[PDB]
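Report on the following structure.
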Amino acid sequence: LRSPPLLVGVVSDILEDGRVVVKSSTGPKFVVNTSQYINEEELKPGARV
Amino acid sequence: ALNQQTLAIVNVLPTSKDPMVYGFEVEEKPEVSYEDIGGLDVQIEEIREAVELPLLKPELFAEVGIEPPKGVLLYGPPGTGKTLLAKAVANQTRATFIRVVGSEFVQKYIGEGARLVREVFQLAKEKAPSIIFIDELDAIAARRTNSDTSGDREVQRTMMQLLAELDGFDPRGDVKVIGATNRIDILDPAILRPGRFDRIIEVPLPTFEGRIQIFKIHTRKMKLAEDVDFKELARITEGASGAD
Amino acid sequence: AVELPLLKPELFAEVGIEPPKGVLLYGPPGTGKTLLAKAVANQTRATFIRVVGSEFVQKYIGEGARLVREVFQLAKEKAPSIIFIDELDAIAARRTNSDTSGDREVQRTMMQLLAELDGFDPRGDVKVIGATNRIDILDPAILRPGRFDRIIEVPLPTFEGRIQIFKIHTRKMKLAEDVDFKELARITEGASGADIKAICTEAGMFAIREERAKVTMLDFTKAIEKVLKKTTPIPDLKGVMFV
Amino acid sequence: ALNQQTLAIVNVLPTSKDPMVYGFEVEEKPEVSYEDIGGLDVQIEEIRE
Ligand SMILES: Nc1ncnc2c1ncn2[C@@H]1O[C@H](COP(=O)(O)OP(=O)(O)OP(=O)(O)O)[C@@H](O)[C@H]1O
Ligand SMILES: Nc1ncnc2c1ncn2[C@@H]1O[C@H](COP(=O)(O)OP(=O)(O)O)[C@@H](O)[C@H]1O
Ligand SMILES: [Mg+2]
Ligand SMILES: [Mg+2]
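So the sequences go chain by chain: A, B, C and D.
Per PDB author numbering, residue 58 is the first one in the first sequence, and the count goes up by one each step.
Per PDB author numbering, residue 107 is the first one in the second sequence, and the count goes up by one each step.
Per PDB author numbering, residue 156 is the first one in the third sequence, and the count goes up by one each step.
Per PDB author numbering, residue 107 is the first one in the fourth sequence, and the count goes up by one each step.
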């Protein structure tokens, strides 16, 4: 009943400086942290993450 | 319903109770059986075969290896009591009854007409078996030869949506339409054909006996004649309909 | 047109055969275009995407077009995929006009479709099965091959063709040993598969009445007479003056 | 990009508009390529100029 909330959003762009902007389904644009689960190499702007 | 602060599924389902089509289901249950309307006596038996009898005993159909009928398509003179014949079966079977005026569909908002009829059909499957009465097919039956540039495609879209729901890809849902027209010349070759409307029925003008039947029902709501002779009455009303 | 691309790809390789990118079906209704689409769906088991051409175009501007893109981008992930488009009658306007809501906005959702099936953005492996009643209210882009490379005409089933339809429905029913399907298909000349279903159900209504499981020859001919009579009339007239 | 915890500009951003499938999609790759100038050949000559 307690399954944690993980927000879903779609990538606005991929930054050259090794970061990514991603838009939450809340609304507010965020710059996220990369990770080794899903890289910026499986992703493109519009990718649902 | 989601338990907030983790916002995960905790409770199925409060969905959805949508009055837009939910509210056009049952008509407070019909008080009309086929013993409160006559005159179209011969037609009535045909209709009981196509709709009521599967429900009464399915096994008679399973037994002959046949698909049961998809209901009846009525044409005839306006006002003969096609509505009241739909009502008579619905009541008797003790199944779900969805009465839609079918001309109130077709919005001037594009494909909204189609959307709406998609919901009424879906609604039928969820509460299957359900008998649907689709009245008036003179404002939802399209014309393939142009006559209104904005009109033809719009009525067509709505029309082919409901056909799609009827047996296009999707199950019947044990509908059992039950749908009244008065013109068979305004229908498209797509809907005209059976397997969507298995037994195409001619509803004619009431016979000599039929005037008499209808008459006895209505004079029992009145104070009735004191110099009874119904042979006289029948003669005059020849050339008219059940509503008259 | 879809079996060989999945099951025989070495053929494609060896000979050098460009792949097919769709099949267009047209022909009078009730004949079993929908039955063929299901059968393919069941029996090649790969991603069977069923959509409907009246479902495109909703009450907001350009919603119908939005919806087409969603479908193509999902089809591209799911390839091999067959998109089965049911109904092409209301979605296409052979004629063009401007500033009409049934004849300009039905054209802005047509233009997104022409245009993802094949086009600049591929495909996937679709193999898009379109089916319609009439091509005479169907835009020519679809009509032309290139994409929808096999232009499959469908007629009303043949003399022999109709005898087989009868026999499928009878395979599920029963029969008597006086029954002759050929005589019945004759009468029912120029009739689609759907009509035949109604004959066999209606004949079944006579058998029921008389309390029998099997359908006999008499019951069928009785059903051809019954169904037809109630659809168009016979009485009228002799002179007077025409005698 | 503002510091999330309390606000202040911490990153200029090289500045974007939301490219998605717009300018991001560069495709001109095979089958259709420049090895396949099928035509209608004169038409392509006009475009080249
Ligand atoms: N060849 C056939 N043999 C047996 N029954 C058939 C045949 N064709 C159609 N039917 C029956 O009629 C039903 C309805 O027709 P169906 O939806 O298959 O038609 P369609 O040719 O795709 O038509 P449309 O032009 O209306 O799009 C079928 O699901 C089936 O039960
Ligand atoms: N056979 C009939 N018996 C009783 N009332 C009738 C009959 N036919 C029609 N009417 C009456 O006439 C009116 C209009 O006919 P209605 O049944 O609504 O039909 P339809 O849907 O065929 O136009 C109603 O008030 C209805 O009660
Ligand atoms: Mg009425
Ligand atoms: Mg079809």
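C-beta: ideal position from N, C-alpha, C; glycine also.
DSSP-derived helix/strand/coil call for residue i
i: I237 of chain C; result: strand
i: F275 of chain B; result: coil
i: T325 of chain C; result: helix
i: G285 of chain B; result: strand
i: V89 of chain A; result: strand
i: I320 of chain C; result: helix
i: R59 of chain A; result: coil
i: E134 of chain B; result: coil
i: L166 of chain B; result: helix
i: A107 of chain D; result: coil
i: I379 of chain C; result: helix
i: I143 of chain B; result: coil
i: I95 of chain A; result: coil
i: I342 of chain C; result: helix
i: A114 of chain B; result: strand
i: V261 of chain C; result: coil
i: residue 50 of chain B; result: There is no way to answer for residue 50 of chain B, as the model of chain B reaches only from 107 to 350.
i: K352 of chain C; result: helix
i: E357 of chain C; result: helix
i: residue 109 of chain C; result: The requested residue 109 of chain C does not occur in the structure, where chain C is confined to residues 156 to 398.
i: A156 of chain B; result: helix
i: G171 of chain C; result: helix
i: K337 of chain C; result: helix
i: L100 of chain A; result: coil
i: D374 of chain C; result: helix
i: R250 of chain C; result: coil
i: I363 of chain C; result: helix
i: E315 of chain C; result: helix
Contact belief for residue i with residue j at Cβ below 8 Å, rounded distance in angstroms
i: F375 of chain C; j: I354 of chain C; result: 7 Å
i: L330 of chain C; j: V382 of chain C; result: That belief does not hold up - the Cβ atoms of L330 of chain C and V382 of chain C are roughly 19 Å apart, past 8 Å.
i: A230 of chain B; j: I204 of chain B; result: 6 Å
i: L180 of chain C; j: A286 of chain C; result: 4 Å
i: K214 of chain C; j: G257 of chain B; result: No, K214 of chain C and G257 of chain B are not in contact; Cβ-Cβ is about 16 Å, not under 8 Å.
i: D304 of chain B; j: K176 of chain B; result: 4 Å
i: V68 of chain A; j: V79 of chain A; result: 5 Å
i: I284 of chain B; j: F239 of chain B; result: 5 Å
i: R259 of chain B; j: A248 of chain C; result: 6 Å
i: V398 of chain C; j: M372 of chain C; result: In fact, because the Cβ distance is near 38 Å, the residues do not count as touching under 8 Å.
i: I307 of chain B; j: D142 of chain B; result: Their Cβ separation, rounded to whole angstroms, is 20 Å, which puts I307 of chain B and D142 of chain B out of contact at 8 Å.
i: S209 of chain C; j: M266 of chain B; result: 5 Å
i: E225 of chain B; j: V118 of chain B; result: Rounded, the Cβ-Cβ distance is 21 Å, inconsistent with contact.
Element boundaries [beta strand (DSSP E), containing residue i]
i: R76 of chain A; result: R76 to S81
i: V206 of chain C; result: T202 to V207
i: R305 of chain B; result: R305 to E308
i: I71 of chain A; result: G66 to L72
Limits of the alpha helix (DSSP H) - the one that residue i falls within
i: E225 of chain B; result: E218 to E232
i: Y128 of chain B; result: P125 to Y128
i: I297 of chain C; result: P295 to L298
i: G182 of chain C; result: Where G182 of chain C is concerned, there is no enclosing alpha helix (DSSP H), given that its DSSP letter is neither H nor E.
i: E151 of chain B; result: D147 to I153
i: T189 of chain C; result: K188 to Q198
i: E210 of chain C; result: Run containing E210 of chain C: none; DSSP gives neither H nor E here.
i: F397 of chain C; result: Taken as a continuous stretch (DSSP letters only), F397 of chain C belongs to no alpha helix (DSSP H), as it is neither H nor E.
Worksheet entry | Any residue whose CB is nearer than 6 Å to a heavy atom belonging to ligand 2, listed in chain order | B:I143, B:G145, B:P184, B:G185, B:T186, B:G187, B:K188, B:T189, B:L190, B:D241, B:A286, B:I320, B:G348 and B:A349
Item to complete: Could you run through the region 244-266 of chain B and flag, in chain order, every residue whose CB is less than 7 Å away from some CB of chain C?
Response: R250, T255, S256, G257, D258, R259, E260, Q262, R263 and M266
Fill in: Near-chain B residues of the region 60-83 of chain A - C-beta to any C-beta below 8 Å
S60, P61 and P62
Fill in: Chain-ordered residues of the region 135-154 of chain B with a beta carbon less than 7 Å from chain C
none
Practice prompt. Using a Cβ-Cβ cut-off of less than 8 Å, give me the residues of the region 186-217 of chain C that come near chain B, in sequence order.
Written response: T189, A192, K193, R205, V207, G208, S209, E210, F211, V212, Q213 and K214
Worksheet item: Taking any Cβ of chain C, which residues in the region 220-231 of chain B have a Cβ under 7 Å from it, in chain order?
Response: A220 and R221
Worksheet entry | Positions along the region 307-341 of chain C whose CB lies within less than 9 Å of some CB in chain B | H324, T325, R326, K327, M328 and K329
Discussion item. Please list, in chain order, the residues of the region 282-295 of chain B that have any C-beta partner in chain C closer than 9 Å.
Written reply: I290, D294 and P295
Worksheet item: If you measure beta-carbon to beta-carbon, which residues of the region 167-184 of chain B are closer than 8 Å to chain C?
Response: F167, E169, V170, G171, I172, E173, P174 and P175
Worksheet item: Closer than 7 Å, Cβ to any Cβ of chain A: which residues of the region 113-126 of chain B, in chain order?
Response: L113, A114 and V116
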